[PDB]
Amino acid sequence: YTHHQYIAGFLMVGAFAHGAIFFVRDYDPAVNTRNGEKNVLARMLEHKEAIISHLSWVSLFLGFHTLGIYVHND
Amino acid sequence: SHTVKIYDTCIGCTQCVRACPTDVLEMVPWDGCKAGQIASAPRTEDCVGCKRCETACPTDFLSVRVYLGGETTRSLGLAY
Amino acid sequence: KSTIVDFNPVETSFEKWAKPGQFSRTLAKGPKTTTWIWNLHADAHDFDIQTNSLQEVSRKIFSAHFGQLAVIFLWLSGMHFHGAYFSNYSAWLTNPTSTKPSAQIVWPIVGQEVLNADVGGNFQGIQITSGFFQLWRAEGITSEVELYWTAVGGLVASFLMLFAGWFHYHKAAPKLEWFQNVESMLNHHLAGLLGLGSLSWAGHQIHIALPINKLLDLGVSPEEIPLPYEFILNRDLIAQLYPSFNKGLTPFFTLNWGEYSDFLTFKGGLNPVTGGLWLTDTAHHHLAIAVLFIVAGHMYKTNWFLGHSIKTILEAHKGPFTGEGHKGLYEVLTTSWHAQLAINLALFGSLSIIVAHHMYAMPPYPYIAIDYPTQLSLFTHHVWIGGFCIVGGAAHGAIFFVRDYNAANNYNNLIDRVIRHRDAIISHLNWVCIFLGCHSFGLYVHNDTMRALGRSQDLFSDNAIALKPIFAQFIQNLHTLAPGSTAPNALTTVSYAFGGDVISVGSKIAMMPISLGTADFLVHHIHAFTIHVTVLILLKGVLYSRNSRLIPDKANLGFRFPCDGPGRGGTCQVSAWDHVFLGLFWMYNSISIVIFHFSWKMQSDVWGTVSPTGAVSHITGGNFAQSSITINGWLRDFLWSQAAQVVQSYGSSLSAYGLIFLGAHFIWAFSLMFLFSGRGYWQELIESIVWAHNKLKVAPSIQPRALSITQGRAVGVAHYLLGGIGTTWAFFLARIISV
Amino acid sequence: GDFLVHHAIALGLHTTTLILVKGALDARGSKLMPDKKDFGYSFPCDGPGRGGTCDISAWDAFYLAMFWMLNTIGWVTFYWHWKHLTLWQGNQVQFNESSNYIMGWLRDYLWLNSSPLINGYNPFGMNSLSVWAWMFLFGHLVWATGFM
Amino acid sequence: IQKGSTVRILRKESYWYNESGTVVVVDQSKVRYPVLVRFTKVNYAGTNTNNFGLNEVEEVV
Amino acid sequence: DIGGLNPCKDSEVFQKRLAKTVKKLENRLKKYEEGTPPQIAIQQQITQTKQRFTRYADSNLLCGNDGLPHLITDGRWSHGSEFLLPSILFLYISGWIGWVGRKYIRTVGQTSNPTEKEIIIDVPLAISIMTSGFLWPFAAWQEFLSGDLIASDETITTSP
Amino acid sequence: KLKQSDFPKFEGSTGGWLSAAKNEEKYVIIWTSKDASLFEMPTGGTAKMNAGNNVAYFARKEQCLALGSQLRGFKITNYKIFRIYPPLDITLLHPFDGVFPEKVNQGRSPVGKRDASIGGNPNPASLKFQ
Ligand code: CLA
Ligand code: CLA
Ligand code: CLA
Ligand code: CLA
Ligand code: CLA
Ligand SMILES: CC1=C(/C=C/C(C)=C/C=C/C(C)=C/C=C/C=C(C)/C=C/C=C(C)/C=C/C2=C(C)CCCC2(C)C)C(C)(C)CCC1
Ligand SMILES: CC1=C(/C=C/C(C)=C/C=C/C(C)=C/C=C/C=C(C)/C=C/C=C(C)/C=C/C2=C(C)CCCC2(C)C)C(C)(C)CCC1
Ligand SMILES: CC1=C(C/C=C(\C)CCC[C@H](C)CCC[C@H](C)CCCC(C)C)C(=O)c2ccccc2C1=O
Ligand code: SF4
Ligand code: SF4
């Protein structure tokens, strides 16, 4: 179980790292855009601030309250 | 050696040239700004990559850009 | 129009209180980003950049010293007030060996009243490990009324120091020439402060502490002991305990000082009743110290044709190997506050560590050697303070080199010649650090791998390849033979740690010969190695603070800057501040190892109980000799074994120690976020957070910016130190209070 | 206890995803570096200018998210191993009671079950678990060298 | 646009992109970026002004 | 009942916990003397422990096999005082805080020196705004309707 | 005492050049001073100028330029920096056209100038495999 979960975490981090690499060196905005309008992938860079802000909110929410309940029990 | 590029947003304020520690940048005549001068990078073989040049740049997103590249004993700052 | 002070230099007004950052030229314009807030506190006490005049900096420093002394006096007044009102000091006086000192009671809220422990003497509260009860007993304080009056005096003194600071900044500020009278200052601090303080304390001991403590040790209850003033008005209450006061001061003025041998003794060892140093020995010590310091205060020429000039002394100490010698050092130390701070802080931390050693080595207070929590806490606290102060001295030496160092004024002197061969110093210190670390730690690892491989005869142990600290054992033998041979007027060795008998008070060991074997060899060399690496980091910071082969103009970047850029392969942390940051880390490592060695060695081979027939049983049972030679031994028989009390403290009166254990772990792990990450990621995340705020029209006008690189490092190191020191604090306190 | 640890796992997953998604989306540029795509996936920084640009590349986002992945997998594996140790030993009441607070974890999982491991070799002898104690110390040493 | 006019920044690589600034002076010479705009929010370098081209600023009504 | 739990009023382990805590407190009480403040404090501890256990028993609280109150937060109003009512209370208080903060930010954002009024608070205006947050649910659903709650395109965006 | 009479009165430091500035390249800075001012070496400590011709050798161009920047504080401007290859291959470096790089001089052509801002840079995906 430990081996497979560690391999799983490694693979997930690698998937996201290679997505970032694709953004850096393989992504072409012209291909993902037709007459100003952007396709499903290019639109992920338009509300990127919304995505990051809501990920930050969820992380802060869960961390604050999980740590709060754990420390309350402590 | 590193690569240094100058962009026409240059206002010719000379702060990049007087901040270079290895005499890479110099001011040359130009007609694209009020000062009539633009920065140049004719001695990039001495560029060390310290990026003091673009710390002194007042333009919005810089007019001098340093792209780190292949390393050399001059660019690595090796006294040995 | 006095020649030493300026009258009414600064007006007492609240106008500048409402203008934050008024001191700084850059911060006075007002905040535009959140970096301004952090810069406000980082430059508050940097008086060098607030004024261009040494006089103004000196006056600010003088008033800040007064404020600090007022704070210290308030803290002492609070301690005495807690002893007077929220303590069991009276109960502890009648039963020092069976009542645990407590001077802080906890309010009954949210179930926290469990922290009020069963300290004894019909009292509930938090056990105190600062040793105030023993100190007060040594002072002759036998009532809580005296503690209350000392607290009132402390409050009055704190107000007086506050008024003095205000007066000497706003009403009569001294001039630069007054501050630069280092000869007069040294004369006064040596004679008046040190010598007259020792003399006054010797007088207090002789007239108050000597009789009261002698009566206490004789079994007289504190209620029937006469009030301290009666020992002065009546020469018969003190002449019964010490039958030499009947002659008055005539033996003193007739040079017949042998008559005062009743209360000015030279005995050594410890009082068999209390386990502390003989207070007659302490009074004689303070008297001798007073005379020596008063004599030493008449050395430097101040206002007459008499004494020394420090300039002439330094300038005459040249040599073939040192060029101009100490020429210019007087100008350095009379024109730079940072150099004085460096020297004073380094020697002050070293003095604190020496104090910590001599404390447990020769317990100076009654019933403090058998209070193991007090001894452990005092040693660890003083060693921590010493390490911090030493790192601060190194930091301010680097600051002096960056800011106040003048190359022209230091031509071919000692400072110049040190910088001229900094490479040799740093390279040889690097080699020494590698040698010491390789040896000490690799001997530890060799022991660990030999034990793991089932080869017990290949270890660096006593029953194996043995590394006997013969030099230290020779010194131990020399001290235990000193009384009667080299100290012929001594009756006992200075400390029983060097050898002698086991001293026990109430079946608890006070002091005992500390045997040194191969386990002490390895840990002592570990101490030497860690100290050498810390010195390496700090000395590299000081010497390379102005220039290097990487950055030939590092002095133009200041003392505190993050880098010079990603070029030259990367120029992170080249400052001198970034060396006080790494040196802080390594000081934490060294001091942690030192206090671990002390705790384990004392618990395993000094502290414990003595059976009526004379059999000594220790807290752990002598496992230090054979199990402190491997890292697995330290992990298991010390950390895992003695952490049992901390983890099992929940539901008991020590549960606060477990909570602080967990919280310090949390803070230490929190530090690694700042230590491992970088500013760009956090700035770009704040970008999206700011986007959300702007979308909801709630973006602050003060633009939020991620902490600067230097501030990120400072936050990381501060959290790391707090977490580690707090974890060790909770671990030590819970372990040594439980057992 | 399962509820609280599952929420901890969710927090770890969300934070690792936040770091990785932020690095992926901000890979092509941001306000601090609107030309980050011109510097590639992995570069040290953009210099001390503009307030400081440490760890600004997309590679640095992976580097930071590796710590959070390790922490999340550690939480998951700690939960699984403690639950199954209590199930196999039979004292499932030990987990159900002590798993709701952090000191319960620290005392009853780590401190409790680390006793057989550290006694893989002692000043008295050794067991077949001696290699595991050596690997324990080796892992601690490599961890702290990483800290270096 | 003229002195005192309010414009929106259309330069993408700008700390004030999509934001509104105040025009300080529009140069009448043959310079490449004549429009000088002052902003209330300082950028990451601390500056609060920048020169923009004629096609990189859009006047607010 | 819900999730296999049982009411704490009929949980034997709950009463065992109460008895053990009271016994420990009384044993601690035995080592002090007469009506001395330590005995008074321990007696107050015993009384508070008994009151807390009695209140938890008579509180519609479900206890597990460990004799500790478990919270039923699936949303049912039967156990609504455990999560739902505190949830509403916190939502009200936190919305109050956020609303007054946002109103103060937007109010001093239209003055000559917006940044000065953030380190040096305009206490009169701050007090005026803070006591006006009791209508934050109504104010929020009166500013969202007018379009004054959300910005549209003056918000800044990165290069991609 | 010293090899050349124009050397600054420096006592020598273990921070000077190494074997690199004997087989790869060394840098020499020359200047004339009116006074025997005491200045700080870029490598070690304090040296004394000569009231006349002064010549100093360093291992890096940055060291010579740091020394020259220090010289400007002494109102010294005529300092000139040269690069010397393993043999006597002298090349004037810093006052390349006799005018400091901060002052515009006719006869200089722009090197590394792009006729667009940062936003005009090509997309990296279009710069693959060249
Ligand atoms: C099948 C999966 C797969 C594939 C095909 C690739 C392929 C690639 N990756 Mg990638 N990656 C993967 C999984 C994968 N990765 C995962 C799972 C992660 C997350 C950890 C990453 C994270 C990652 C990053 C962050 C980067 C790449 C990069 C690259 C490219 C260059 C690789 C390189 O230079 O290697 C270099 C190989 C090494 C440096 C060797 C490292 C060996 C490590 C340290 C382990 C060795 C220690 C070993 C355990 C010793 C034991 C100690 C003992 C005491 C017990 C290449 C296209 C790089 C790139 O530029 O892409 C364009 C880049 O920056 N990848
Ligand atoms: C015998 C005379 C004497 C004595 C006792 C002291 C004592 C002290 N001086 Mg001091 N000083 C003296 C002469 C003296 N000085 C002279 C002649 C000069 C001129 C060169 C200075 C210049 C000087 C400076 C520039 C500084 C000191 C500081 C200090 C303090 C060091 C902190 C310490 O150890 O805490 C021990 C603390 C105590 C024992 C508390 C009780 C001490 C009280 C306040 C008695 C102080 C004696 C005072 C000089 C009497 C003047 C009263 C006034 C009405 C005239 C200490 C209180 C430093 C300090 O902390 O500043 C405040 C500091 O920065 N002194
Ligand atoms: C006599 C002691 C002494 C004195 C007078 C000074 C004085 C000074 N130091 Mg200094 N220093 C000291 C000891 C001292 N230091 C020690 C022991 C160290 C080693 C850690 C240092 C390390 C150091 C560095 C690295 C730097 C200074 C700097 C400075 C200057 C500016 C200080 C400032 O504005 O801070 C204002 C005060 C603060 C910002 C307070 C910060 C809060 C601290 C870090 C946390 C304390 C936590 C506390 C223990 C409570 C935690 C409990 C928790 C549960 C809450 C000033 C001349 C700086 C400078 O530029 O010098 C010119 C600088 O860069 N010092
Ligand atoms: C456990 C983690 C760890 C370890 C092992 C070290 C080790 C060391 N640090 Mg440190 N350091 C650490 C954490 C650690 N650090 C952290 C967390 C920080 C952050 C603040 C620092 C910051 C720091 C600074 C700032 C400095 C050091 C320095 C040193 C070196 C001192 C010289 C020495 O003893 O070398 C000897 C090496 C050892 C003792 C390591 C073990 C070697 C074994 C026991 C013997 C040889 C084994 C053999 C060769 C194996 C061969 C087989 C193999 C090929 C398979 C040493 C390499 C100093 C330095 O550069 O050196 C002078 C220095 O200036 N460190
Ligand atoms: C008081 C005004 C206020 C308001 C209305 C908001 C509103 C918001 N913040 Mg926020 N924030 C504030 C202050 C405020 N914040 C402050 C002062 C900080 C610095 C610690 C942050 C740090 C912050 C982060 C890091 C994040 C948010 C996020 C968010 C959004 C989701 C809610 C959330 O996660 O709460 C977050 C709340 C906190 C972390 C605690 C705030 C600290 C106190 C309680 C607020 C200050 C009170 C203030 C002093 C009152 C003074 C007013 C008075 C003078 C009249 C939402 C737009 C998240 C987001 O973007 O999601 C979309 C997110 O990731 N905020
Ligand atoms: C409940 C249930 C169910 C359902 C289930 C489901 C529906 C699931 C789903 C799941 C899912 C749905 C999952 C997902 C996941 C995802 C992920 C994991 C992702 C990741 C991502 C990534 C990693 C990305 C990457 C990238 C980037 C970053 C950009 C560029 C491109 C790419 C793509 C490369 C059923 C009915 C069957 C039955 C049982 C019950
Ligand atoms: C505890 C404490 C306190 C208190 C303190 C005190 C109380 C002190 C005292 C002190 C004192 C009370 C001191 C005294 C001193 C004195 C002296 C120091 C004297 C001297 C004298 C002399 C020196 C003389 C000499 C001579 C002459 C000149 C002539 C004749 C001959 C002869 C020789 C005799 C307080 C509250 C603050 C705070 C807290 C802590
Ligand atoms: C998180 C983080 C930030 C962001 C951190 C910020 C913006 C600090 C925010 C502090 C808040 C706003 C105030 C403090 C709030 C605390 C609750 C108060 C402290 C607790 C008291 C008990 C002392 C950096 O700027 C940074 C820079 C360089 C390296 C690493 C990091 C880094 O890790
Ligand atoms: S890096 Fe920037 S500063 Fe250093 S040389 Fe090249 S251009 Fe001049
Ligand atoms: S930012 Fe971090 S890495 Fe980039 S230069 Fe400054 S310090 Fe070196």
Within the range C:361-383, can one find any residue that is away from ligand 9 (no atom under 16 Å from the Cβ) and over 30 Å from C:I619 (Cβ atoms)? no
Pairs needed: first member in the range A:2-21, within 7 Å of chain D (Cβ to nearest Cβ); second member anywhere, of a type outside the set (A, V, I, L, M, F, W, C) and more than 16 Å from ligand 9 (Cβ to nearest atom); C-beta distance under 6 Å; at least 6 residues apart or different chains. A:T2/D:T77; A:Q5/D:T77; A:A20/D:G23; A:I21/D:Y41
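Could you tell me whether any residue of the range C:685-698 is more than 14 Å from chain A (Cβ to nearest Cβ) and touching a strand residue (DSSP E or B) at 6+ places or on another chain (Cβ under 9 Å)? Even if it seems obvious, please write down each step before you answer.
Step one: filter the range C:685-698 for residues more than 14 Å from chain A (Cβ to nearest Cβ), giving C:697.
Then drop every residue that is not touching a strand residue (DSSP E or B) at 6+ places or on another chain (Cβ under 9 Å), which leaves none.
So far as the range C:685-698 goes, no, none of its residues is more than 14 Å from chain A (Cβ to nearest Cβ) and touching a strand residue (DSSP E or B) at 6+ places or on another chain (Cβ under 9 Å).
Please specify each residue of the range B:1-58 satisfying the condition of being of a type in the set (S, T, Y) and crowded, with 22+ Cβ neighbours inside 10 Å.
Looking only at the range B:1-58, we keep the residues that are of a type in the set (S, T, Y), and these are B:1, B:3, B:7, B:9, B:14, B:22, B:40, B:44, B:55.
Of everything in the range B:1-58, those that are of a type in the set (S, T, Y) and crowded, with 22+ Cβ neighbours inside 10 Å turn out to be B:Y7, B:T9, B:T22, B:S40.
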Given the conditions (1) over 25 Å from C:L672 (Cβ atoms); (2) in contact (Cβ under 8 Å) with a residue 40 or more places away in the chain; (3) more than 14 Å from chain B (Cβ to nearest Cβ), report the number of the one that C:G499 does not fulfil. (2)
If C:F123 satisfies all but one of (1) surrounded by fewer than 20 Cβ atoms within 10 Å (Cβ to Cβ); (2) touching a residue at least 12 places away in the same chain (Cβ under 8 Å); (3) within 14 Å of another protein chain (Cβ to nearest Cβ), what's the number of the condition it fails? (1)
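Any residue that is farther than 28 Å from A:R43 by Cα, more than 7 Å from every other protein chain (Cβ to nearest Cβ) and either away from ligand 1 (no atom under 16 Å from the Cβ) or assigned to a loop (DSSP other than H, G, I, E, B) (or both) - is there at least one of those in the range D:9-24?
Step one: filter the range D:9-24 for residues farther than 28 Å from A:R43 by Cα, giving D:9.
With more than 7 Å from every other protein chain (Cβ to nearest Cβ) added as a condition, the list becomes D:9.
After this cut, where a residue has to be either away from ligand 1 (no atom under 16 Å from the Cβ) or assigned to a loop (DSSP other than H, G, I, E, B) (or both) as well, the list is D:9.
Yes; the residues of the range D:9-24 include at least one that is farther than 28 Å from A:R43 by Cα, more than 7 Å from every other protein chain (Cβ to nearest Cβ) and either away from ligand 1 (no atom under 16 Å from the Cβ) or assigned to a loop (DSSP other than H, G, I, E, B) (or both).
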Log entry, pairs with first residue in the range E:24-36 being in a strand (DSSP E or B), second being of a type in the set (S, T, Y), beta carbons closer than 8 Å, six or more apart or on different chains, reads E:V24/E:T49; E:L36/E:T49
Take C:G275 and tell me if it is of a type in the set (G, A, S) and touching a strand residue (DSSP E or B) at 6+ places or on another chain (Cβ under 7 Å). yes
State which residue pairs qualify: first residue touching a residue at least 60 places away in the same chain (Cβ under 8 Å) and under 15 Å from C:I310 (Cβ atoms) and inside the range C:167-191, second residue assigned to a loop (DSSP other than H, G, I, E, B) and of a type in the set (S, T, Y) in any location, beta carbons under 6 Å apart, and separation of 6 or more residues or different chains. C:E183/C:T302; C:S184/C:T302; C:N187/C:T302
Subset of the range B:13-25 that is closer than 14 Å to G:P110 by Cα and touching a helix residue (DSSP H, G or I) at 6+ places or on another chain (Cβ under 6 Å) - its residue that is nearest to the other protein chains (Cβ to nearest Cβ): B:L25
Per the list (1) under 22 Å from A:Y70 (Cα atoms); (2) more than 20 Å from the chain's Cα centre (by Cα), residue check on D:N119 breaks on (1)
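Can you name the residue in the range E:30-56 that is within 17 Å of D:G49 (Cβ to Cβ) and among the small types (G, A, S) and is also nearest to the other protein chains (Cβ to nearest Cβ) among such residues? Even if it seems obvious, please write down each step before you answer.
In the first step, residues of the range E:30-56 are kept if they are within 17 Å of D:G49 (Cβ to Cβ); the result is E:42-48, E:50.
Right, trim to among the small types (G, A, S) and you get E:45-46.
On the way: E:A45: 5, E:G46: 8 Å.
In this case the residue turns out to be E:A45.
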Within the set of pairs 6 or more residues apart or between chains, which connect a residue that is closer than 17 Å to D:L20 by Cα and facing another protein chain (nearest Cβ under 7 Å) inside the range D:35-63 to a residue that is among the β-branched types (V, I, T) and within 15 Å of ligand 1 (Cβ to nearest atom) with Cβ atoms less than 8 Å apart? D:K37/A:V24; D:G40/A:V24; D:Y41/A:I21; D:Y41/A:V24; D:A58/A:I21; D:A58/A:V24; D:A61/D:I19; D:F62/A:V13
Do you know which residues across the range G:31-72 are within 11 Å of chain C (Cβ to nearest Cβ) and either in a strand (DSSP E or B) or surrounded by fewer than 17 Cβ atoms within 10 Å (Cβ to Cβ) (or both)? G:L38, G:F39, G:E40, G:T46, G:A47, G:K48, G:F58, G:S69
Here are C:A734, C:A699: which of them is assigned to a loop (DSSP other than H, G, I, E, B) and buried (at least 20 other Cβ atoms within 10 Å of the Cβ)? C:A699
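Can you tell me how many residues within the range A:45-66 are closer than 25 Å to F:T155 by Cβ and facing chain D (nearest Cβ under 7 Å)?
Count: 8.
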Yes or no: the range C:597-604 includes at least one residue that is more than 22 Å from the chain's Cα centre (by Cα), farther than 30 Å from C:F401 by Cβ and assigned to a helix (DSSP H, G or I). yes
Just to verify a result, which residue in the range F:122-160, among those that are in contact with a helix residue (DSSP H, G or I) (Cβ under 6 Å, 6 or more places away or on another chain) and within 14 Å of chain D (Cβ to nearest Cβ), is nearest to D:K22 (Cα to Cα)? F:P160
Please work out which residue is nearest to the other protein chains (Cβ to nearest Cβ), limiting yourself to the range G:75-126 and to residues that are touching a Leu at 6+ places or on another chain (Cβ under 7 Å) and within 30 Å of G:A59 (Cβ to Cβ). G:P101
Mind checking which pairs have a first residue in the range G:1-27 that is within 14 Å of chain C (Cβ to nearest Cβ) and of a type in the set (A, V, I, L, M) and a second that is surrounded by fewer than 13 Cβ atoms within 10 Å (Cβ to Cβ) and assigned to a loop (DSSP other than H, G, I, E, B), Cβ under 6 Å, 6 or more apart or different chains? G:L18/B:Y80; G:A20/B:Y80
Using beta carbons and a limit of 8 Å, which pairs, at least six apart or on different chains, have the first residue in the range C:308-319 and touching a residue at least 40 places away in the same chain (Cβ under 8 Å) and surrounded by 13 or more Cβ atoms within 10 Å (Cβ to Cβ) and the second one β-branched (V, I, T) and assigned to a helix (DSSP H, G or I)? C:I310/C:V182
Return a yes/no flag: does the range A:29-47 have any residue that is part of a helix (DSSP H, G or I), more than 16 Å from ligand 8 (Cβ to nearest atom) and touching a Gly at 6+ places or on another chain (Cβ under 6 Å). no
Filtered residue count, the range C:705-732, keeping only those that are away from chain D (no Cβ under 12 Å), within 16 Å of ligand 5 (Cβ to nearest atom) and over 17 Å from C:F388 (Cα atoms): 0
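Look at C:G78 and say whether it is touching a strand residue (DSSP E or B) at 6+ places or on another chain (Cβ under 8 Å), in a helix (DSSP H, G or I) and more than 16 Å from ligand 9 (Cβ to nearest atom).
Numbers: touching a strand residue (DSSP E or B) at 6+ places or on another chain (Cβ under 8 Å): no; in a helix (DSSP H, G or I): yes; more than 16 Å from ligand 9 (Cβ to nearest atom): yes.
Criteria not met by C:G78.
Residue check: is A:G19 assigned to a helix (DSSP H, G or I), more than 12 Å from the chain's Cα centre (by Cα) and either away from ligand 5 (no atom under 16 Å from the Cβ) or surrounded by 14 or more Cβ atoms within 10 Å (Cβ to Cβ) (or both)? Let's see the steps before the verdict.
Numbers: assigned to a helix (DSSP H, G or I): yes; more than 12 Å from the chain's Cα centre (by Cα): no; either away from ligand 5 (no atom under 16 Å from the Cβ) or surrounded by 14 or more Cβ atoms within 10 Å (Cβ to Cβ) (or both): yes.
It is false that A:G19 is assigned to a helix (DSSP H, G or I), more than 12 Å from the chain's Cα centre (by Cα) and either away from ligand 5 (no atom under 16 Å from the Cβ) or surrounded by 14 or more Cβ atoms within 10 Å (Cβ to Cβ) (or both).
With respect to B:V28, is the statement that it is aliphatic (A, V, I, L, M) and facing another protein chain (nearest Cβ under 7 Å) true?
So B:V28 passes the test.
We place every Cβ from the backbone using ideal geometry, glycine too, and count neighbours over all the protein chains shown. Only the coordinates and a few stated rules stand behind these numbers; no lab work does.
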